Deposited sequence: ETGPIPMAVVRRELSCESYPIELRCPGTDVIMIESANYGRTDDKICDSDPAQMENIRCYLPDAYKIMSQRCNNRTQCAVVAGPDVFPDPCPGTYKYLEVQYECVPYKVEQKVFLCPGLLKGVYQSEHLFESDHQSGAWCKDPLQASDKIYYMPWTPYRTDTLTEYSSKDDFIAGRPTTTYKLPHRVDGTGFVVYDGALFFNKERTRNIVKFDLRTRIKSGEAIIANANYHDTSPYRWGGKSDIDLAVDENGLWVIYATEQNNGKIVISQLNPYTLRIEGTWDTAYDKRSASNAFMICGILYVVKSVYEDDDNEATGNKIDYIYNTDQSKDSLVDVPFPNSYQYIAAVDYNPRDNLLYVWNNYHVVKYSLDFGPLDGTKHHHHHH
């Protein structure tokens, strides 16, 4: 929706966008286009650079204050009493285009970072790839008692055990399949085949989606168990759901979930038994299944074709609780038998 501001010469113009939304200049003029605006003692006074000046000073910002005068703008009509007229919009914060571009085909998964050894055998952690932020999101695994999400301002604060805040979730969580995308938490509602969307900035449930025919609550989890039936994943294409159905004889089923409309945007049936998989993740719309040790299966959703592979994966620890791909830094956010680690990817 179009927002409007106008200030007479020597007065500032004030632009402000709600929450995390940012300014986008639609139009701007410094001069005079009307004989009634800004009462004083030439209605064809235009400054073509007014649009450029306002865009440079205000675009990508939550707020802007610009004085309508000679300190900021050249004079398009000396002698004429001028005014600054601006039309603008509040748009979601911009995202670096690399987040949506495929880095290539996965050659292997390798050790990279070892953050710390937690006192919890299972759990999950990630970053929001749509944000240029150092924020880490952490959800520990406690059977039948998980309903919180802890936020850390950096990796350094995360290792030191220094949280910024904690979120009380509207429902209990089943498994370690959680993801954070564009300021929203996505999780599997305990004892349901539903995904809950929880807005972190306003601390309220912003929606719910039913994952049609998805098996739930220790019916089709990963090898380790722990109610891992439904796993969410983020990649270059958006948000995904990794689960299994009786219709597909307990084999992995993958669906694209629109994070804004909560619609299921395409479903693909794989040939890999979910109970046999230690974990799984998406990269460029391709499902990578972990066996434990190695990636032994891939499913390409773009071609609707699968293949048997022998892609390396770290053999260090046994209890693989969570594996989350990040399309911003191209790293795997892993929870493996108490150890909180980051794995590099070779393309």
item: Sequence ranges without modelled C-alpha atoms (deposited numbering); value: 1 to 8, 50 to 54, 306 to 316, 372 to 384
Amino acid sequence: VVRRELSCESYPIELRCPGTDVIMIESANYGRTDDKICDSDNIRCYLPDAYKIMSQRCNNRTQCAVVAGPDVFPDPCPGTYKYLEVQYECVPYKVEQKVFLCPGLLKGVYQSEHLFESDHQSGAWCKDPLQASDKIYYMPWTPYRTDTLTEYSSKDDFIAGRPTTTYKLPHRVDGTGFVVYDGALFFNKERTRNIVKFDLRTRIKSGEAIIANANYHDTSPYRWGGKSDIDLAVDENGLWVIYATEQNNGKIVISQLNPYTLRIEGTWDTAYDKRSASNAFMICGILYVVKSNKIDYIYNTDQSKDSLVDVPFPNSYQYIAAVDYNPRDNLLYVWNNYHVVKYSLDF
From here on, numbers count along this sequence of modelled residues.
item: Which of 278 to 286 and 43 to 51 has higher mean CA B factor, as the PDB entry lists it; value: 43 to 51
item: Entry-level comparison of average CA B-factors, 61 to 69 and 313 to 321, reporting the higher stretch; value: 313 to 321
item: Among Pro92, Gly79, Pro259, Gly183 - the residue whose C-alpha B-factor is largest in the record; value: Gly79
item: C-alpha B-factor winner, where the candidates are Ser154, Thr166, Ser255, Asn249; value: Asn249
item: Chain thirds of CA B-factor: placement of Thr176; value: lowest
item: Where the record places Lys98 (Cα B-factor, split into thirds across the chain); value: middle
item: Chain third (lowest, middle, highest) by recorded CA B-factor, residue given as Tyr138; value: middle
item: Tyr83 - which third its CA temperature factor falls in, relative to the rest of the chain; value: middle
item: Cα B factor band for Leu15 (lowest, middle or highest third within the chain); value: middle
